[PDB]
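So the sequences go chain by chain: A and A'. A prime marks a further copy of an entry chain. Numbered according to the deposited numbering, the first sequence spans residues 1 to 18, 25 to 62, 70 to 101, 111 to 151, 153 to 203. Numbered according to the deposited numbering, the second sequence spans residues 1 to 18, 25 to 62, 70 to 101, 111 to 151, 153 to 203. Each residue gets a CB set at the ideal place from its N, CA and C atoms; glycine is no exception. To keep things clear, I will list the structure first and then write my remarks on it.
Number of protein chains: 2
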Amino acid sequence: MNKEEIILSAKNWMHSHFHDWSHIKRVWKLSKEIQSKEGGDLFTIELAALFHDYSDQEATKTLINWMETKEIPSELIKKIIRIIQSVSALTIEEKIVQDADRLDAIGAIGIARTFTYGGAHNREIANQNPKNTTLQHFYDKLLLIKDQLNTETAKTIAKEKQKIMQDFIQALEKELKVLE
Amino acid sequence: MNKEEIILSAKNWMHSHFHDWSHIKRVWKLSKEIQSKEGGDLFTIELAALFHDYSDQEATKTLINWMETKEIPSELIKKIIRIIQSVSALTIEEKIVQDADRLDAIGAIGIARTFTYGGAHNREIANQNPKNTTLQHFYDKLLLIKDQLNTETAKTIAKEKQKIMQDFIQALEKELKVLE
Ligand SMILES: [Mg+2]
Ligand SMILES: [Mg+2]
Numbered sequence: 001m002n003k004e005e006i007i008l009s010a011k012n013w014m015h016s017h018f025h026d027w028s029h030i031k032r033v034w035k036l037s038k039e040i041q042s043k044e045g046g047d048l049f050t051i052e053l054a055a056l057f058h059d060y061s062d070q071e072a073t074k075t076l077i078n079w080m081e082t083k084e085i086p087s088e089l090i091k092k093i094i095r096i097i098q099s100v101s111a112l113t114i115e116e117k118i119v120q121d122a123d124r125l126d127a128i129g130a131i132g133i134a135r136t137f138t139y140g141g142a143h144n145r146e147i148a149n150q151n153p154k155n156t157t158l159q160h161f162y163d164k165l166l167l168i169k170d171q172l173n174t175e176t177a178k179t180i181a182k183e184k185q186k187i188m189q190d191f192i193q194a195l196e197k198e199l200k201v202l203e
Numbered sequence: 001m002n003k004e005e006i007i008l009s010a011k012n013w014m015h016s017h018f025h026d027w028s029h030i031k032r033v034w035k036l037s038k039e040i041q042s043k044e045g046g047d048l049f050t051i052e053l054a055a056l057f058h059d060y061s062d070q071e072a073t074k075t076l077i078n079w080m081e082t083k084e085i086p087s088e089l090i091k092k093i094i095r096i097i098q099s100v101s111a112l113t114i115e116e117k118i119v120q121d122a123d124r125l126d127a128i129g130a131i132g133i134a135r136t137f138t139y140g141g142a143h144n145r146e147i148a149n150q151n153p154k155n156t157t158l159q160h161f162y163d164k165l166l167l168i169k170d171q172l173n174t175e176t177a178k179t180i181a182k183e184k185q186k187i188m189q190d191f192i193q194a195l196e197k198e199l200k201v202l203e
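Right, dumping it as structure tokens:
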């Protein structure tokens, strides 16, 4: 099996099947970056990352098929699938991908993504008088993600993100009541 | 006519009729703040601000009615309506309200509002390879608003906003391609 080629194929396959594709390719780039400092089977990581968002049980069986057809030892297929499960006792590969996923939920992308999501489920931006307001989602989940990360590399590439997010929030609650 | 009371009534009427109510009350608070430094008929401003978002020709005729019923000289009704038109040769009152409206389109609120809007019209967050991406809306309109403002007071209460917005954008385009 030619790893470089298989990756390329998987990449082109997911692309012509798509949040959007932009999201996947980010989790892919992100997990790639993380491994270069946390180690692990890069090939096993790169695919789990690219397929982490396809399972939404036939879909799963479809991937296995596509993978057996590529002649990937059934041992790798097993790991790759096990990883996808811990995403959407953890091996580093399962940690990396899961970290790369969470990382794309916070920071500037997080803000944009979470507010775009709210705009498709009628979730009030905020509400001083906060049970389901998007703003509260930042205090309940988002802001907490940065710490739940299970990788130091992931944690440092989360720093700049956890910052702008913090600044964004401060600025929101401030101009959300008009203070001056 | 009791101005303080009429304002209260208009306030309670728009409230039980609602972007959401949060938006109107902000444009109201915002225009109030601005006038305290730019002058103008506060009463004429306060109502145009509260009704600036109701015209969406019967609606217009409904307001006039509600206003004549409050015994507001037909001269004020005229101005108040003229203002609402320049919002959704400009007197300062028309400038203030229009400034207060634009102000709520940028800054943290802007980001949140524009991304929530995109999430209800399927507007891709961004796209490096930008004709309709929400990101581009920042370069085409939003970022430009801060300068189109026709009031110095408005311009300074736009400073903090134009900043976080600038920071947010920088941070977006940066983590949108994963740079490190
Ligand atoms: Mg995902
Ligand atoms: Mg408005």
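- Taking C-alpha positions only, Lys117/A is separated from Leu8/A' by approximately 56 Å.
- Rounded to whole angstroms, the gap between the alpha carbons of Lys182/A' and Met188/A' is 10 Å.
- Ligand 2 has a heavy atom closer than 7 Å to the beta-carbon of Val33/A'.
- When the beta-carbon positions are compared, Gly46/A and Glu115/A come within less than 8 Å of each other.
- In the three-state reduction of the DSSP assignment, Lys200/A falls in the coil class, being assigned neither a helical nor a strand state.
- For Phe137/A', the chain A residues whose C-beta falls within less than 7 Å of its own C-beta are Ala134, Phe137, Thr138, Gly141, listed in chain order.
- In the structure shown, the three-state DSSP call for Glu115/A is helix.
- Close partners of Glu203/A in chain A' (Cβ separation under 9 Å): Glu39, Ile180.
- For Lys35/A', the residues of chain A that pass the 9 Å Cβ criterion are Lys200, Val201, in the order they occur in the chain.
- Between ligand 1 and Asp121/A, a heavy atom-to-CB distance of less than 7 Å is absent.
- Of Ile128/A, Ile90/A, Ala54/A, the smallest CA-CA separation from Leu165/A is found for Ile128/A.
- For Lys92/A', the closest Cβ of chain A is not nearer than 8 Å.
- Under the three-state reduction of DSSP output, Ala142/A falls in the coil class, being neither helix nor strand.
- Residues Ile90 of the same chain have their beta carbon placed closer than 6 Å to that of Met80/A', with the five preceding and five following residues left out of the count.
- When secondary structure is reduced to three states using DSSP, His160/A' falls in the helix class.
- Taking 7 Å as the cut-off, the C-beta of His29/A' counts as close to a heavy atom of ligand 2.
- For ligand 1, no non-hydrogen atom lies closer than 7 Å to the CB of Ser101/A'.
- Sequence-distant partners of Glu44/A (beyond 5 residues in either direction) whose C-beta falls short of 7 Å from its own C-beta, in its chain, are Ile114, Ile118, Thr174, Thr176.
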